[PDB]
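Trainee: Right, I'll just put the structure down here and ask away after.
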Amino acid sequence: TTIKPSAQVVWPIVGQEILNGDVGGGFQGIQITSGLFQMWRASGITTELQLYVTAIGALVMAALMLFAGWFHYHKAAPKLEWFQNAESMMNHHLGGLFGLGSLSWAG
Amino acid sequence: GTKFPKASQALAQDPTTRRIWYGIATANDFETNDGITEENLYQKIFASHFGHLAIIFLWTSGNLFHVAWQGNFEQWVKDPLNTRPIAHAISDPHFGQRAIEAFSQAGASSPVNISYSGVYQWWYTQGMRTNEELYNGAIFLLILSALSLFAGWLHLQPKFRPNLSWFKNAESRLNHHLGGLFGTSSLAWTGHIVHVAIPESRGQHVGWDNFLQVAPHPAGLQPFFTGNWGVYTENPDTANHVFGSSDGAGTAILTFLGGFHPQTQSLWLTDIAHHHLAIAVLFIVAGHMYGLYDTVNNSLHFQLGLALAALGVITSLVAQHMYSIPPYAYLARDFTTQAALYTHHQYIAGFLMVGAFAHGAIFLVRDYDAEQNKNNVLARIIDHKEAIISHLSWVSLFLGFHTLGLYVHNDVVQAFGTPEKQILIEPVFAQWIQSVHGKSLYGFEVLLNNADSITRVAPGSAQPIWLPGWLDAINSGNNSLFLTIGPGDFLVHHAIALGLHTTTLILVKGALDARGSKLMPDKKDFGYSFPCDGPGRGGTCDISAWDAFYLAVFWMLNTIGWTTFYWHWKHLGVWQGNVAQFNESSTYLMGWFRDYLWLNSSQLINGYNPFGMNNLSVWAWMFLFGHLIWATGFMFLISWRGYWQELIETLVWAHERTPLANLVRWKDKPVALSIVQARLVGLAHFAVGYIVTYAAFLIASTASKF
Amino acid sequence: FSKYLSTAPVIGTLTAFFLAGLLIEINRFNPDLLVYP
Amino acid sequence: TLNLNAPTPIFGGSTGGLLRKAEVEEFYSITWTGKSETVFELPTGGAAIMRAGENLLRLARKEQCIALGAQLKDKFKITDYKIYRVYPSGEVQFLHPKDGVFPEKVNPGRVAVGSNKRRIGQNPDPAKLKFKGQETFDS
Amino acid sequence: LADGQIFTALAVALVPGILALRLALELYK
Amino acid sequence: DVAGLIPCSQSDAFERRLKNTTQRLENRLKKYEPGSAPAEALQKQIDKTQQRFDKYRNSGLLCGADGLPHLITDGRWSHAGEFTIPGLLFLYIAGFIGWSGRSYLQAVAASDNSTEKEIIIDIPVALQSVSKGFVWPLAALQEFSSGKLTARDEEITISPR
Amino acid sequence: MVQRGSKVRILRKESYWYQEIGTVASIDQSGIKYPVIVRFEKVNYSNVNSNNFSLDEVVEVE
Amino acid sequence: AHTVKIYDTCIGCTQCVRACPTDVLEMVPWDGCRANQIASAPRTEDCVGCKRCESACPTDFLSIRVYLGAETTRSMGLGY
Amino acid sequence: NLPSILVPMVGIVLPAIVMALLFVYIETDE
Ligand code: CLA
Ligand code: CLA
Ligand code: CLA
Ligand code: CLA
Ligand SMILES: CC1=C(/C=C/C(C)=C/C=C/C(C)=C\C=C\C=C(C)\C=C\C=C(C)\C=C\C2=C(C)CCCC2(C)C)C(C)(C)CCC1
Ligand code: SF4
């Protein structure tokens, strides 16, 4: 309640280190309005070690998506009829992406 | 098909709504009428001028009549310091009971408007004291308008129609206007001041009923012919003198005191009299004196553009000299009308100057004959036209990048808690001039600040007697005669400079490219105003000379805005005796946003609210009114014809297919506004809104705190 | 790829990254330079 | 001639077509032979079906008849479209092709209307033609 | 002012009122 | 004292710009722990103001009524560091950027495909131009005297008149 | 007399390449007006590099 | 209606003629050579003023020029 | 008193007359 949600410490240069304001506790930074502190508290995160691996886990997921984009155009590109399968794509995103995504997040 | 418009048969055959709009626009454009010969053209101009003159006469008769009938001139004359001048009565049936109690101000029993035109302070100085002298002015101007209206009709009758040669007889006109119109009128105005203005300022009433009996000077008109002119510089008025009475009054009628009367904080009437007498002599002598100059004489647009430029320059001059050198009694004391008078005349001046270049561009497309114009100043400016435009482009860019850059620099540095890091340049060249004129504040100590300098001593004839009166006023911190300036004034002056150069650039490039450019080599064949030349050749929107004026109207408003924004905020501190607010906040733009616009809009924005309403509800409504019509102009400027023409087609369809409405029909087919029309309509809304918004704020913000 | 680095946006960004970071390091060791002493 | 009446295509629609201007002055008609039963976009909305025909369509502007006539030559390669403009409440029969040959092709017997025997830089100044009945572009 | 001076001024203003109509219908022709 | 401006070492208002600045930060330091990381962040911030003001007193700047340093551009040699000395410092760097890109485009235009060499930057030709840009006040003088700095107005493309 | 491949400068004031240097593509060997086809390195607003001129609008800068 | 003039710099490319949406222009035999063709404007009463013709002309500065004039039902492109 | 009579004449009645006079003048024809 009292301590305001803050990130983004600003470097000690020409005077923009006045943006690192008295935000709460023993910290000086920019008070953020993104809701990430209330979102991570709802997710259960209590230490910054759990925030650290999620940042590493997002970078390997970024490289996995970047590898999948290279692979599915340069190396193994689907045909036109694989894209026009709308009924299988509706089946899979409803069950897998939306169903198991809300099943496992409930887990 | 139809008779309207009479002036243009091709518009008259247009079956759409465009006909009416264009028939209104192409109406006072006499040159483009059907069958209009050169001789017929000039006679129409002349007569139109009489009509305009009459309107001017009727207008100032209406200001006299309404003041005499519904003002408080007689009450004001008694105590100019505390009486609020009344413009006219308020008769708006939509008012309620509490709103009538709010506008029943200035000690009146009816709702009325507090005047801000300064007419009370102008009429007072001339010698008017009672309402009956005001009414006598209104009836006289009614006759002069009727004399103007009859004359216009008269000089249109066969036996009295001036010949073509008479209108183009240039040398005769300069002699008669400088001699008569300027000279003898100025001489006559000297007559009014010594015989009426000066007597009424000394408590003696002089009117038509007695002026032939009383003398303006104890033993006047024998020294005038015998050369003893110095007797009229006898005992002036003392510093103790109270304007409008005989206590401390002198008898001089022509003097050279200089400075301002200590009570009214304005020029001495006797000093104004000598000025006009001298000016009269100059014009009467100059009036006995009377290729490029022939092309001035055959083009009405060239003359008008120069006459607009000449009027535009001196319109700015009137504004600059009236705030620093107050010429009307108690006009320096009423701060709101001094704010109104500077802003009003500066905006007019901006329109005239922009208009001057507009009619100049019209001359180049419709009147400039390039074969009959070779190897002279005109055809040489077109010859290196790209050099002139490119340099004008550079100065604008130069001025702009750096003035905005310093403001952005200061803003950041002030935002970060370090005001000491700002870049503040002292206006040393300007502060030098003030010391050259006598301001002993900066201590530069050369010319009229140096007490032994030749300009103050003048050992040739011992002339320099204007110096005592002038130096007292320029050194006392009680007026606006060469106001103290600092870093804030430096930046704005370059912003104003940026505005004057960029506005001139748009107008100069438009005029010099009016006849043609690479994107449109035959531009002159399409006239001053045409939509464009289609999407070909890359795109040609806003390629006509008219469109260049159109873009320049945005820059002048911005320029005159920065001028008026500066004048108002600076004087605001000066009038409150707390000059520190402007001096420290004007060097960064957040100061102009927090301490000028937001701060001074506190009362204005509260003219009416959920708890009541005060005497500023009108200005508060107008303020919102201005914002809405400003923003309405953006609609025509951003959205173009095509969207609307297709939308209108669905409305035509809908009307024709709906019973009980189908039954009736339009006589003119509905169509979207034209390409040129929309620019004009958008700009007109924008600029009416621009001025109406600032007028509401300027008047209400200053009248609230004084 | 070195041919790609000579193309105008990427060669116009890293020198804009260099000319910025020059002024970032200059204002870091030498702060508050209004005038030449 | 116009061969009115001819079978209008099987359409049934278009709010956006042929309103009160048509009954007072100057509506237009385009007549072609469609050698199939295909669907084609209209200038108003899009479908009708082209008849075997003798096909005929009444349109509002001459613009829409060439914009439809460009579609029959592009998509369906039937270049025998014949636009018209009607009798008493209209003006002039047989608008296109006026010489029987398409206007992009040269045909002997046509006359040069609207020609100028100069360039545009050789056009005189508007000040030279001030207060006169002559035009700056006309020869 | 007086009440009779007002109606005197509206009596004078017909002379510009007619002469403007006489000029404007002459400027139209 | 050129416009009524006392120097900043003698300005009593410039000293009070120091007094409220360090009072706004020592009150900002009163709530933190003395050994913490925001403690040394404000103490390094306070000492940046002390190196700000003590630089501005000894530099010979002119403080007005508000207490801020003002710059005097009429250029005098007692106040040359405000505008005159950084003015010559700007023009060399700005002329180096100008004469490099002008000489680069002249070298590029006399080639096969000059248009692609505005997209791709030839690092030999660009480094050849920055060698010609360091000597721009000497190179432009002989380019102007020999007459190949400018073209005549019959060689430039020009609108119809 | 201007041959093909020669460098000219254009005297036509309404052209985009007025007072600019171009090279001739070809000369038409008949009595057609404006036979001199000059090809330019600069494109105009219609992005075309060629135009027809007469002999009076070209010179022999070489 | 609008006026459409054709200047003597025409190279008979037919591009303008094939750009016009209302069939205002056509190619006609030239007598200066009896070999080439020049553009013409025999139906200017149907010209809407779109300027598609000029945008198709290849010559450096137009051989066909459209000067917008008096507007009519046909020229305003009204279906009503 | 005369304000109460005149400002609905030139505010309501007289603009209704001149708009009536200008509208018939526009849509007349020969
Ligand atoms: C344009 C880019 C953009 C950006 C930068 C943001 C930024 C943010 N979003 Mg928002 N979001 C966006 C677009 C964007 N949003 C759009 C278009 C939608 C509608 C689909 C959302 C829906 C959304 C929700 C529901 C939530 C956020 C939240 C947030 C904040 C936390 C970041 C986070 O990782 O939460 C991670 C996201 C969650 C924890 C919630 C995800 C639950 C949703 C329902 C999953 C839906 C996924 C599915 C594929 C999309 C629907 C497809 C369907 C139409 C077929 C952050 C401010 C969160 C917040 O408010 O923080 C306090 C939050 O709860 N966003
Ligand atoms: C419901 C909105 C509304 C309306 C209809 C009015 C109406 C009026 N107010 Mg206003 N007023 C209003 C709201 C309104 N008020 C509000 C909210 C306030 C703030 C509380 C005021 C404060 C106020 C003040 C202080 C005064 C008025 C006055 C007036 C009267 C002006 C009489 C006049 O000369 O008109 C004639 C109108 C004009 C001369 C301007 C119109 C110019 C036109 C539109 C420009 C275009 C001309 C062009 C050629 C068009 C052709 C016209 C042709 C066909 C005739 C009129 C009755 C004044 C008054 O009492 O006068 C006796 C006055 O002094 N009002
Ligand atoms: C005394 C000086 C003077 C004279 C004699 C003229 C005369 C002329 N000008 Mg010029 N001009 C002038 C000054 C002058 N102007 C100024 C000061 C400017 C800058 C604004 C211009 C800029 C200019 C341009 C760009 C053009 C002219 C044109 C013309 C010609 C036709 C005007 C016409 O019929 O428009 C018709 C009149 C109107 C459409 C007036 C309606 C617009 C007004 C401003 C609306 C006002 C808004 C509203 C009523 C406000 C109400 C208040 C609100 C709160 C409700 C005519 C020769 C035109 C021309 O082609 O010349 C050959 C032309 O294109 N003038
Ligand atoms: C500038 C001229 C002007 C004047 C003098 C007025 C005056 C009036 N308006 Mg306003 N009004 C105006 C312009 C004007 N309006 C404009 C431009 C708008 C658009 C913004 C409005 C929008 C507006 C609305 C929405 C309303 C008014 C109302 C009123 C009346 C309030 C007091 C009242 O009801 O008395 C009590 C007296 C009566 C109710 C009867 C008075 C006489 C009536 C109007 C006519 C009687 C018929 C008569 C025999 C013949 C008709 C006259 C006609 C042919 C000229 C007052 C008479 C209110 C009203 O009552 O409307 C009628 C009202 O609701 N006005
Ligand atoms: C000193 C001073 C000052 C003054 C200033 C002045 C007054 C100046 C002027 C100036 C001027 C009046 C100038 C002129 C010029 C002109 C010209 C004519 C120029 C030209 C140029 C050129 C030609 C360029 C070139 C180049 C180079 C060199 C390099 C780069 C590139 C380029 C190309 C850009 C002041 C007060 C501010 C301050 C103090 C100091
Ligand atoms: S319609 Fe608009 S976009 Fe098209 S040429 Fe005219 S101004 Fe330009």
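For chain H, we keep the numbers from Swiss-Prot: what you see runs 2-81, in order.
Yeah, the Cβs are placed from backbone N, Cα and C, and that goes for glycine too.
Pasting the relevant annotations from Swiss-Prot:
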DOMAIN    H:2-31  domain '4Fe-4S ferredoxin-type 1'
BINDING   H:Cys11, H:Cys14, H:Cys17, H:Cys58  [4Fe-4S] cluster 1 binding site
BINDING   H:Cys21, H:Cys48, H:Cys51, H:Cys54  [4Fe-4S] cluster 2 binding site
DOMAIN    H:39-68  domain '4Fe-4S ferredoxin-type 2'
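Locate each feature and note its surroundings.
Mentor: Listed as Cβ neighbours of the domain '4Fe-4S ferredoxin-type 1' (H:2-31) (distance under 8 Å, sequence separation of 6 or more from its ends, same chain) are residues 37-51, 53-60, 63-71, 73, 75-76.
The Cβ of H:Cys17 ([4Fe-4S] cluster 1 binding site) lies under 8 Å from the Cβ of H:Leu26, H:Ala40, H:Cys54, H:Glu55, H:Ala57, H:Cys58, H:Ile65, each of which sits 6+ residues away along the same chain.
If you draw a 10 Å sphere around the CB of H:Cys54 ([4Fe-4S] cluster 2 binding site), it holds 28 other CB atoms from the protein chains shown. According to its DSSP assignment, H:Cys54 ([4Fe-4S] cluster 2 binding site) is helical.
Same-chain neighbours of the domain '4Fe-4S ferredoxin-type 2' (H:39-68): 2-29, 31, 75-78, counting only residues six or more beyond its ends whose CB sits under 8 Å from a CB of the stretch.
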Trainee: If you take the centroid of the Cβ atoms of H:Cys11, H:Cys14, H:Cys17, H:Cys58, the listed [4Fe-4S] cluster 1 site, which other residues of that chain have their Cβ within 8 Å of it?
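Mentor: Filtered neighbour residues, in order: H:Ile12, H:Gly13, H:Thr15, H:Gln16, H:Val18, H:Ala40, H:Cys54, H:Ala57, H:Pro59, H:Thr60, H:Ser64, H:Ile65.
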Trainee: Using C-alpha atoms only, work out the spacing between H:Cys51 ([4Fe-4S] cluster 2 binding site) and H:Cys14 ([4Fe-4S] cluster 1 binding site) and round it to an integer in Å.
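Mentor: H:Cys51 ([4Fe-4S] cluster 2 binding site) to H:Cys14 ([4Fe-4S] cluster 1 binding site), Cα-Cα distance: 20 Å.
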Trainee: H:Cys14 ([4Fe-4S] cluster 1 binding site) to H:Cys21 ([4Fe-4S] cluster 2 binding site): how many Å between their Cα atoms?
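Mentor: Between the Cα atoms of H:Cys14 ([4Fe-4S] cluster 1 binding site) and H:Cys21 ([4Fe-4S] cluster 2 binding site), the distance comes to 14 Å.
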Trainee: Are there residues of the same chain, six or more positions away from H:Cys11 ([4Fe-4S] cluster 1 binding site), whose CB falls under 8 angstroms from its CB, and which are they?
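Mentor: Within the chain, H:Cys11 ([4Fe-4S] cluster 1 binding site) has Cβ neighbours under 8 Å at H:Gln38, H:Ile39, H:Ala40, H:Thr60, H:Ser64, H:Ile65.
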Trainee: Please work out the helix, strand and coil residue numbers for the domain '4Fe-4S ferredoxin-type 1' (H:2-31) from the DSSP assignment.
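Mentor: Output for the domain '4Fe-4S ferredoxin-type 1' (H:2-31) reads 0 helix, 8 strand, 22 coil.
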Trainee: Counting only residues 6+ apart in the same chain, whose Cβ is under 8 Å from the Cβ of H:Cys21 ([4Fe-4S] cluster 2 binding site)?
Mentor: H:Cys51, H:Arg53, H:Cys54
Trainee: Other than H:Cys21, H:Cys48, H:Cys51, H:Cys54, which residues of the chain come within 8 Å of the [4Fe-4S] cluster 2 site, judged by Cβ distance to the Cβ centroid of those residues?
Mentor: H:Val5, H:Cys17, H:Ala20, H:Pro22, H:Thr23, H:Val25, H:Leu26, H:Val49, H:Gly50, H:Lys52, H:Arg53, H:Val67
